[PDB]
Amino acid sequence: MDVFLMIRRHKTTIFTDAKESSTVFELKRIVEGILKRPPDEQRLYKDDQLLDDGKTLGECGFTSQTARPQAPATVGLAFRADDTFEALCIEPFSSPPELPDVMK
Amino acid sequence: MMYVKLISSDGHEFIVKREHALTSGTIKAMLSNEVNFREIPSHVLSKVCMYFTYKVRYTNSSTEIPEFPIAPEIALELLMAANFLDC
Amino acid sequence: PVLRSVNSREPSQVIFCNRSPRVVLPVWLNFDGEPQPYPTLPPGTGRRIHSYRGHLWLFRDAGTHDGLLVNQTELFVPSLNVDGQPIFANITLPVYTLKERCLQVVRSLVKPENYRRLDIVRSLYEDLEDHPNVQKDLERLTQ
Amino acid sequence: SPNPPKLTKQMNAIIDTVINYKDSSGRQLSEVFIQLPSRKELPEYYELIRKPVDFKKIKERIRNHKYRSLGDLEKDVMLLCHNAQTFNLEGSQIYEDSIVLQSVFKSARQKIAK
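For the protein sequence lines, the chains are A, B, C and P, in the order given. So the first sequence is numbered by PDB author numbering: it starts at 1 and just counts up by one. Heads up: the second sequence runs through residues 16 to 47, 58 to 112, numbered per PDB author numbering. So the third sequence is numbered by PDB author numbering: it starts at 61 and just counts up by one. So the fourth sequence is numbered by PDB author numbering: it starts at 1377 and just counts up by one.
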């Protein structure tokens, strides 16, 4: 079963696909190939829970019923600046304009 | 898998696959790595990127196709983006 | 007309299955090429209907009249049953273009008279007014 | 009950013209109106209409010598066309077929007379 998700960090948002059986380590290796940073310099999150490298995406709660192409599941990403890991921070998207009176 | 960087008006960088971004005829002409949009906001461009993952997945899929949900708050801005993008 | 039913007079059992979130409306193309409506199919329902060989069918939405694929094609025609086995017609949603899909959402929310009061470009008002039509698609389907 | 053979000669000739109209394309428009729908197939028709008819019954009326004149036979053909136009909606195939068979019979009644 495929899982469509968006790995987010500050303003960078990676759109990709993985399998429920694949590990969190395999998702770091996909980010390694895109942004060019080793897996030991990354920290993935589901909401505000630090995901272990050994656990599968299905074990973390990323089911294919929730993580679908039209509505991908958001995954947190934090990098390491030499000594310690940075705090998880995701800049939200721009708020849409107020619904017009004609459309109500 | 080759990737492309799509920058929105407010500076939000969206990394998508090259094949996924080719769905749009406008982007296909621009490429043939980094593409910037000055009129498209982040909440619209993320929805356009959600459509690219949706199309490529469900094209030639004889199983069953789910409907693409569009909320009433972004239907107008996403329409202007879709017409400009030709997708 | 090229697109019409063939008066074969040989029975053909068909299964109309609605695998879409829309209220599907089966439309039969009669012997003179004109379309004809039939009882609607609620979302996620299937019924075994009695049809004939070489009869042309096409399926649209009950309210919006948007086009719907069958067995991954625009129109369908049931052939003779091999050993009395039913013919299956799996009605599905087409992968609509984001432009066309965005029009449908605005079309449902706003009234026909208030199309030209929206803050959009001049070319989009004519595209919104250009509603999905059966006769239009039948002229387009010919070759 | 026995009626003149020369009247019976025409009464079957009007119906045969109505039964055999191919309409150039090669489609017999009068083939669905030969036998009434089965009462166990869909009772809603027998519930909607008041008097059911079909050309098998109209052909049998000549054999039983029920129709005494052209006006009596025309009464039932227009009533059969009225039953089709009542049950079937405007624009459908059977609605337009009965409209064609209504005119084909009016021209056939005149041709036979003179």
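Ideal Cβ positions, reconstructed from N, Cα and C, are used throughout, including at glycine.
Per-residue burial, residue i [other beta carbons within 10 Å of its own, 16 or more giving buried]
{"i": "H110 (chain C)", "result": "exposed"}
{"i": "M16 (chain B)", "result": "exposed"}
{"i": "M1 (chain A)", "result": "exposed"}
{"i": "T152 (chain C)", "result": "buried"}
{"i": "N150 (chain C)", "result": "buried"}
{"i": "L50 (chain A)", "result": "exposed"}
{"i": "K72 (chain B)", "result": "buried"}
{"i": "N78 (chain C)", "result": "buried"}
{"i": "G76 (chain A)", "result": "buried"}
{"i": "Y1422 (chain P)", "result": "exposed"}
{"i": "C1457 (chain P)", "result": "buried"}
{"i": "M1387 (chain P)", "result": "buried"}
{"i": "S168 (chain C)", "result": "exposed"}
{"i": "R120 (chain C)", "result": "buried"}
{"i": "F29 (chain B)", "result": "buried"}
Residue i versus residue j: straight-line alpha-carbon distance, rounded
{"i": "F109 (chain B)", "j": "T41 (chain B)", "result": "7 Å"}
{"i": "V24 (chain A)", "j": "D82 (chain A)", "result": "22 Å"}
{"i": "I7 (chain A)", "j": "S22 (chain A)", "result": "15 Å"}
{"i": "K1432 (chain P)", "j": "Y185 (chain C)", "result": "57 Å"}
{"i": "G93 (chain C)", "j": "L118 (chain C)", "result": "12 Å"}
{"i": "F91 (chain C)", "j": "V62 (chain C)", "result": "11 Å"}
{"i": "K80 (chain B)", "j": "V155 (chain C)", "result": "7 Å"}
{"i": "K196 (chain C)", "j": "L89 (chain C)", "result": "14 Å"}
{"i": "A122 (chain C)", "j": "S72 (chain C)", "result": "25 Å"}
{"i": "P97 (chain C)", "j": "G58 (chain A)", "result": "46 Å"}
{"i": "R64 (chain C)", "j": "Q1461 (chain P)", "result": "23 Å"}
{"i": "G127 (chain C)", "j": "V84 (chain C)", "result": "10 Å"}
{"i": "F62 (chain B)", "j": "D48 (chain A)", "result": "31 Å"}
{"i": "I1488 (chain P)", "j": "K1385 (chain P)", "result": "10 Å"}
{"i": "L46 (chain B)", "j": "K32 (chain B)", "result": "13 Å"}
{"i": "residue 1335 (chain P)", "j": "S39 (chain B)", "result": "Because chain P spans 1377 through 1490 in this model, residue 1335 (chain P) falls outside it and cannot be assessed."}
{"i": "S23 (chain B)", "j": "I65 (chain B)", "result": "6 Å"}
{"i": "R1415 (chain P)", "j": "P192 (chain C)", "result": "39 Å"}
{"i": "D52 (chain A)", "j": "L37 (chain B)", "result": "35 Å"}
DSSP state of residue i mapped onto helix, strand, coil
{"i": "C77 (chain C)", "result": "strand"}
{"i": "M1 (chain A)", "result": "coil"}
{"i": "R113 (chain C)", "result": "coil"}
{"i": "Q1478 (chain P)", "result": "helix"}
{"i": "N58 (chain B)", "result": "coil"}
{"i": "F1409 (chain P)", "result": "coil"}
{"i": "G33 (chain A)", "result": "helix"}
{"i": "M17 (chain B)", "result": "coil"}
{"i": "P1381 (chain P)", "result": "helix"}
{"i": "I147 (chain C)", "result": "strand"}
{"i": "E1450 (chain P)", "result": "helix"}
{"i": "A18 (chain A)", "result": "strand"}
{"i": "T78 (chain B)", "result": "helix"}
{"i": "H10 (chain A)", "result": "strand"}
{"i": "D121 (chain C)", "result": "strand"}
{"i": "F93 (chain B)", "result": "coil"}
{"i": "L1456 (chain P)", "result": "helix"}
{"i": "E94 (chain C)", "result": "coil"}
{"i": "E189 (chain C)", "result": "helix"}
{"i": "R200 (chain C)", "result": "helix"}
{"i": "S72 (chain C)", "result": "strand"}
{"i": "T105 (chain C)", "result": "coil"}
{"i": "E98 (chain B)", "result": "coil"}
{"i": "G40 (chain B)", "result": "helix"}
{"i": "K32 (chain B)", "result": "strand"}
{"i": "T133 (chain C)", "result": "coil"}
{"i": "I1488 (chain P)", "result": "helix"}
{"i": "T23 (chain A)", "result": "strand"}
{"i": "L89 (chain C)", "result": "strand"}
{"i": "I1395 (chain P)", "result": "helix"}
Interface partners of residue i on chain F, CB under 7 Å
{"i": "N67 (chain C)", "result": "No chain F appears in the structure shown, which is made up of the protein chains A, B, C and P."}
Of all the beta strand (DSSP E) runs that stay within the bounds of the region 40–99 of chain A, which reach a length of 3 or more residues? Listed in chain order, the beta strand (DSSP E) elements of length 3 or more contained wholly in the region 40–99 of chain A are 42–46, 73–79.
Looking at chain B, which residues of the region 121–146 of chain C have a Cβ within less than 9 Å of any of its Cβ atoms? Those residues of the region 121–146 of chain C that come within reach of chain B (Cβ to Cβ, closer than 9 Å) are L129, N131, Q132.
Near-chain C residues of the region 1383–1417 of chain P (beta-carbon distance less than 7 Å), N- to C-terminal order: Only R1403 from the region 1383–1417 of chain P bring a Cβ to less than 7 Å from some Cβ of chain C.
Interface positions of the region 82–111 of chain C facing chain P (Cβ-Cβ less than 8 Å), listed along the chain: For the region 82–111 of chain C, which is checked against every Cβ of chain P, the residues closer than 8 Å are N90, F91, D92, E94, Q96.
In chain order, what residues of the region 63–75 of chain B put their CB closer than 7 Å to some CB of chain A? Those would be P66, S67, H68, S71, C74, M75, in chain order.
Please identify, using Cβ separations under 8 Å, the residues of the region 1446–1479 of chain P that lie next to chain C, in order along the chain. Residues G1467, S1468, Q1469, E1472.
Residues of the region 82–93 of chain B in Cβ contact with chain C at a cutoff of 7 Å, in chain order, please. Closer than 7 Å at the C-beta level to chain C, one finds these residues of the region 82–93 of chain B: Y83, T84, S87, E89, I90, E92, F93.
Only counting runs of 4 or more residues, tell me where the alpha helix (DSSP H) segments fall wholly within the region 149–181 of chain C, in order along the chain. DSSP runs (the alpha helix (DSSP H)) wholly in the region 149–181 of chain C: 158–169.
Anything in the region 167–190 of chain C with a Cβ closer than 7 Å to a Cβ of chain A? List those residues in chain order, please. Taking 7 Å as the Cβ-Cβ cut-off against chain A, the residues of the region 167–190 of chain C that qualify are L169, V170, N174, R177, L178.
Please name the residues in the region 33–53 of chain A whose beta-carbon is closer than 9 Å to at least one beta-carbon of chain B, in chain order. Taking 9 Å as the upper bound on Cβ-Cβ separation, chain B lies near residues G33, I34, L35 of the region 33–53 of chain A.
What are the residues of the region 27–40 of chain B that lie near chain A, defined by any Cβ-Cβ distance shorter than 9 Å? Listed by position along the chain: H27, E28, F29, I30, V31, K32, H35.
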